[PDB]
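Text of start-v7.pdb (PDB, C-alpha atoms (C1' of nucleotides)) as supplied:
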ATOM      1  CA  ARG I 214     -46.757 -44.293  -8.704
ATOM      2  CA  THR I 215     -46.042 -47.229  -6.398
ATOM      3  CA  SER I 216     -49.164 -49.174  -7.438
ATOM      4  CA  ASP I 217     -47.131 -51.270  -9.924
ATOM      5  CA  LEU I 218     -43.856 -52.586  -8.443
ATOM      6  CA  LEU I 219     -43.915 -56.363  -8.084
ATOM      7  CA  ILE I 220     -41.349 -58.651  -6.427
ATOM      8  CA  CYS I 221     -39.282 -60.945  -8.653
ATOM      9  CA  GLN I 222     -36.732 -63.721  -8.138
ATOM     10  CA  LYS I 223     -33.427 -64.261  -9.940
ATOM     11  CA  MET I 224     -33.723 -67.488 -11.953
ATOM     12  CA  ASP I 225     -30.574 -68.668 -13.749
ATOM     13  CA  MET I 226     -31.335 -70.833 -16.770
ATOM     14  CA  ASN I 227     -28.540 -72.824 -18.398
ATOM     15  CA  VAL I 228     -27.892 -74.525 -21.749
ATOM     16  CA  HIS I 229     -30.147 -77.412 -20.670
ATOM     17  CA  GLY I 230     -32.950 -74.967 -19.840
ATOM     18  CA  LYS I 231     -33.310 -75.623 -16.093
ATOM     19  CA  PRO I 232     -33.444 -72.520 -13.873
ATOM     20  CA  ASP I 233     -32.914 -72.400 -10.124
ATOM     21  CA  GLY I 234     -34.429 -69.956  -7.664
ATOM     22  CA  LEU I 235     -31.686 -67.999  -5.933
ATOM     23  CA  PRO I 236     -32.476 -66.101  -2.698
ATOM     24  CA  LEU I 237     -32.369 -62.727  -4.473
ATOM     25  CA  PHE I 238     -35.915 -61.420  -4.160
ATOM     26  CA  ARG I 239     -36.006 -57.737  -5.056
ATOM     27  CA  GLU I 240     -38.653 -55.066  -5.626
ATOM     28  CA  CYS I 241     -38.642 -54.627  -9.403
ATOM     29  CA  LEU I 242     -40.949 -52.875 -11.864
ATOM     30  CA  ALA I 243     -43.506 -54.590 -14.105
ATOM     31  CA  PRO I 244     -43.838 -54.703 -17.918
ATOM     32  CA  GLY I 245     -46.257 -52.007 -19.022
ATOM     33  CA  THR I 246     -44.866 -48.825 -17.476
ATOM     34  CA  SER I 247     -43.756 -45.975 -19.737
ATOM     35  CA  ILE I 248     -40.710 -43.935 -18.696
ATOM     36  CA  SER I 249     -40.182 -40.626 -20.510
ATOM     37  CA  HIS I 250     -36.923 -38.684 -20.213
ATOM     38  CA  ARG I 251     -35.732 -35.493 -21.893
ATOM     39  CA  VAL I 252     -32.402 -35.326 -23.734
ATOM     40  CA  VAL I 253     -30.932 -31.969 -24.781
ATOM     41  CA  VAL I 254     -28.057 -31.631 -27.245
ATOM     42  CA  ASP I 255     -25.852 -28.553 -27.632
ATOM     43  CA  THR I 256     -25.009 -27.302 -31.128
ATOM     44  CA  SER I 257     -22.085 -25.079 -30.172
ATOM     45  CA  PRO I 258     -18.878 -25.696 -32.175
ATOM     46  CA  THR I 259     -16.237 -28.158 -31.048
ATOM     47  CA  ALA I 260     -13.538 -26.901 -28.596
ATOM     48  CA  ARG I 261     -16.154 -24.431 -27.350
ATOM     49  CA  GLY I 262     -17.784 -27.290 -25.444
ATOM     50  CA  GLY I 263     -20.117 -28.674 -28.093
ATOM     51  CA  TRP I 264     -20.785 -31.737 -30.225
ATOM     52  CA  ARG I 265     -22.463 -31.265 -33.605
ATOM     53  CA  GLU I 266     -22.376 -35.000 -34.393
ATOM     54  CA  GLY I 267     -23.991 -36.143 -31.156
TER      55      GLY I 267
ATOM     56  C1'   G T   1      62.564  84.181  42.760
ATOM     57  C1'   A T   2      63.653  79.590  45.347
ATOM     58  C1'   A T   3      58.853  76.629  49.140
ATOM     59  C1'   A T   4      53.022  74.616  50.587
ATOM     60  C1'   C T   5      47.092  68.319  45.886
ATOM     61  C1'   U T   6      39.512  73.120  43.895
ATOM     62  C1'   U T   7      41.110  68.402  47.768
ATOM     63  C1'   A T   8      38.094  64.775  51.109
ATOM     64  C1'   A T   9      33.437  61.804  51.140
ATOM     65  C1'   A T  10      28.787  60.045  47.326
ATOM     66  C1'   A T  11      25.572  52.947  43.711
ATOM     67  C1'   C T  12      21.998  56.626  37.938
ATOM     68  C1'   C T  13      19.023  53.968  42.300
ATOM     69  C1'   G T  14      13.551  52.531  43.588
ATOM     70  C1'   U T  15       8.411  50.513  41.432
ATOM     71  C1'   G T  16       6.548  47.537  36.561
ATOM     72  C1'   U T  17       3.578  39.937  33.528
ATOM     73  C1'   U T  18       5.175  40.918  25.971
ATOM     74  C1'   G T  19      -0.217  40.691  28.295
ATOM     75  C1'   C T  20      -5.859  40.355  26.014
ATOM     76  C1'   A T  21      -9.888  37.816  21.776
ATOM     77  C1'   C T  22      -9.046  33.239  17.887
ATOM     78  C1'   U T  23     -11.850  25.125  16.463
ATOM     79  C1'   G T  24      -6.103  22.653  11.324
ATOM     80  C1'   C T  25     -11.834  23.750   9.723
ATOM     81  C1'   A T  26     -15.335  22.745   5.125
ATOM     82  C1'   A T  27     -16.505  18.924   0.625
ATOM     83  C1'   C T  28     -15.279  13.034  -0.749
ATOM     84  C1'   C T  29     -19.016   5.107  -1.259
ATOM     85  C1'   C T  30     -12.572   0.753  -0.700
ATOM     86  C1'   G T  31     -16.048   1.214  -5.492
ATOM     87  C1'   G T  32     -16.309  -1.504 -10.865
ATOM     88  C1'   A T  33     -15.787  -7.212 -14.007
ATOM     89  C1'   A T  34     -15.926 -13.121 -12.565
ATOM     90  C1'   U T  35     -21.119 -20.094 -12.408
ATOM     91  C1'   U T  36     -17.460 -24.232  -6.955
ATOM     92  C1'   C T  37     -17.360 -25.709 -12.474
ATOM     93  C1'   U T  38     -15.601 -30.479 -16.166
ATOM     94  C1'   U T  39     -15.685 -36.704 -16.669
ATOM     95  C1'   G T  40     -18.496 -41.124 -13.730
ATOM     96  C1'   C T  41     -25.229 -46.929 -15.057
ATOM     97  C1'   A T  42     -25.713 -49.026  -7.042
ATOM     98  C1'   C T  43     -23.130 -52.882 -10.395
ATOM     99  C1'   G T  44     -20.815 -57.766 -11.497
ATOM    100  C1'   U T  45     -20.306 -63.399 -10.455
ATOM    101  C1'   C T  46     -24.145 -68.785  -9.472
ATOM    102  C1'   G T  47     -22.464 -77.514  -8.514
TER     103        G T  47
END

Take the structure I supplied and represent it as structure tokens, if you would.
Amino acid sequence: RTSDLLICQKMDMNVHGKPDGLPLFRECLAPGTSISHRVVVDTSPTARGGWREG
RNA sequence: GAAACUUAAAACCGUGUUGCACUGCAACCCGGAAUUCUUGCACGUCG
């Protein structure tokens, strides 16, 4: 849902620890959202189009 | 006995349908098998 998508700014810190605000504002997400994907592996033998060690 | 053509003239001709009825017809799937698939971060760089 679009209720949680805040706008950030690209800040480039250096070895002295002094960031600068570039003009690169972009609609990002926010820390706290959970994204859940599904991964499916295929246990057919190798050279049949499978990967038992994946 | 020696001497005088049973000769002359005359179409085997005229008329007449190899014609009348009859389906190259009945029955028959251009049908059965086959993934527009395989790999690929809308990303990198900030006096």

May I have the residues within 8 Å of region 224-239 of chain I as an MDAnalysis selection string, using all atoms listed in the file and disregarding those fewer than 3 positions away in the same chain? (chainID I and resid 220:221) or (chainID T and resid 46)

Keeping only C-alpha atoms (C1' of nucleotides), write those residues as a PDB file, in the coordinates of the input.
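As written to disk, part10.pdb reads:
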ATOM      1  CA  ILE I 220     -41.349 -58.651  -6.427  1.00  0.00           C
ATOM      2  CA  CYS I 221     -39.282 -60.945  -8.653  1.00  0.00           C
TER       3      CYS I 221
ATOM      4  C1'   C T  46     -24.145 -68.785  -9.472  1.00  0.00           C
TER       5        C T  46
END

Quick one: which residues end up in the PyMOL selection byres ((chain I and resi 219) around 9) for this structure, as a PyMOL selection string? chain I and resi 216-218+220-221+239-243

Prev. selection, C-alpha atoms, output as an mmCIF file, in the coordinates of the input:
data_model
loop_
_atom_site.group_PDB
_atom_site.id
_atom_site.type_symbol
_atom_site.label_atom_id
_atom_site.label_comp_id
_atom_site.auth_asym_id
_atom_site.auth_seq_id
_atom_site.Cartn_x
_atom_site.Cartn_y
_atom_site.Cartn_z
ATOM 1 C CA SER I 216 -49.164 -49.174 -7.438
ATOM 2 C CA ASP I 217 -47.131 -51.270 -9.924
ATOM 3 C CA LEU I 218 -43.856 -52.586 -8.443
ATOM 4 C CA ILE I 220 -41.349 -58.651 -6.427
ATOM 5 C CA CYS I 221 -39.282 -60.945 -8.653
ATOM 6 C CA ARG I 239 -36.006 -57.737 -5.056
ATOM 7 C CA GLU I 240 -38.653 -55.066 -5.626
ATOM 8 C CA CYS I 241 -38.642 -54.627 -9.403
ATOM 9 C CA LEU I 242 -40.949 -52.875 -11.864
ATOM 10 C CA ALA I 243 -43.506 -54.590 -14.105
#

For the PyMOL selection byres ((chain T and resi 30-40) around 12), applied here, can you spell out every residue it catches as a PyMOL selection string? (chain I and resi 262) or (chain T and resi 29+41)

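We find CA of residue 214 (chain I) and CA of residue 248 (chain I) to be spaced 11.7 Å apart.
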
Straight-line distance linking CA of residue 253 (chain I) with CA of residue 267 (chain I), stated in Å to one decimal: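 That distance, rounded to one decimal, is 10.3 Å.
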
Counting only C-alpha atoms (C1' of nucleotides), which residue out of T:21, T:15, T:47, T:1 sits closest to chain I? T:47

Is it possible to add N, CA and C atoms to region 250-264 of chain I and hand it back as a compact mmCIF listing (two decimals), keeping the file's coordinate frame?
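Final output, out22.txt:
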# COMPACT_ATOMS: atom_id res chain seq x y z
N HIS I 250 -37.97 -39.63 -20.56
CA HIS I 250 -36.92 -38.68 -20.21
C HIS I 250 -36.84 -37.58 -21.26
N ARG I 251 -36.04 -36.57 -20.96
CA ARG I 251 -35.73 -35.49 -21.89
C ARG I 251 -34.23 -35.44 -22.10
N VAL I 252 -33.81 -35.45 -23.36
CA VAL I 252 -32.40 -35.33 -23.73
C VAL I 252 -32.24 -34.02 -24.50
N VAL I 253 -31.21 -33.25 -24.15
CA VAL I 253 -30.93 -31.97 -24.78
C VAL I 253 -29.51 -32.01 -25.33
N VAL I 254 -29.36 -31.71 -26.61
CA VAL I 254 -28.06 -31.63 -27.24
C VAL I 254 -27.69 -30.16 -27.40
N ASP I 255 -26.40 -29.90 -27.56
CA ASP I 255 -25.85 -28.55 -27.63
C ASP I 255 -25.09 -28.40 -28.94
N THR I 256 -25.54 -27.46 -29.78
CA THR I 256 -25.01 -27.30 -31.13
C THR I 256 -23.96 -26.20 -31.22
N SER I 257 -23.24 -25.95 -30.13
CA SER I 257 -22.08 -25.08 -30.17
C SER I 257 -20.95 -25.79 -30.91
N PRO I 258 -20.00 -25.05 -31.48
CA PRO I 258 -18.88 -25.70 -32.17
C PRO I 258 -17.98 -26.47 -31.23
N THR I 259 -17.20 -27.38 -31.82
CA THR I 259 -16.24 -28.16 -31.05
C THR I 259 -15.11 -27.25 -30.57
N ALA I 260 -14.53 -27.61 -29.41
CA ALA I 260 -13.54 -26.90 -28.60
C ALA I 260 -14.11 -25.65 -27.92
N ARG I 261 -15.38 -25.36 -28.17
CA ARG I 261 -16.15 -24.43 -27.35
C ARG I 261 -17.01 -25.16 -26.33
N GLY I 262 -16.93 -26.49 -26.29
CA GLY I 262 -17.78 -27.29 -25.44
C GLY I 262 -19.07 -27.68 -26.14
N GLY I 263 -18.96 -28.25 -27.35
CA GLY I 263 -20.12 -28.67 -28.09
C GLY I 263 -19.83 -29.95 -28.86
N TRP I 264 -20.89 -30.49 -29.46
CA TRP I 264 -20.78 -31.74 -30.22
C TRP I 264 -21.87 -31.70 -31.29
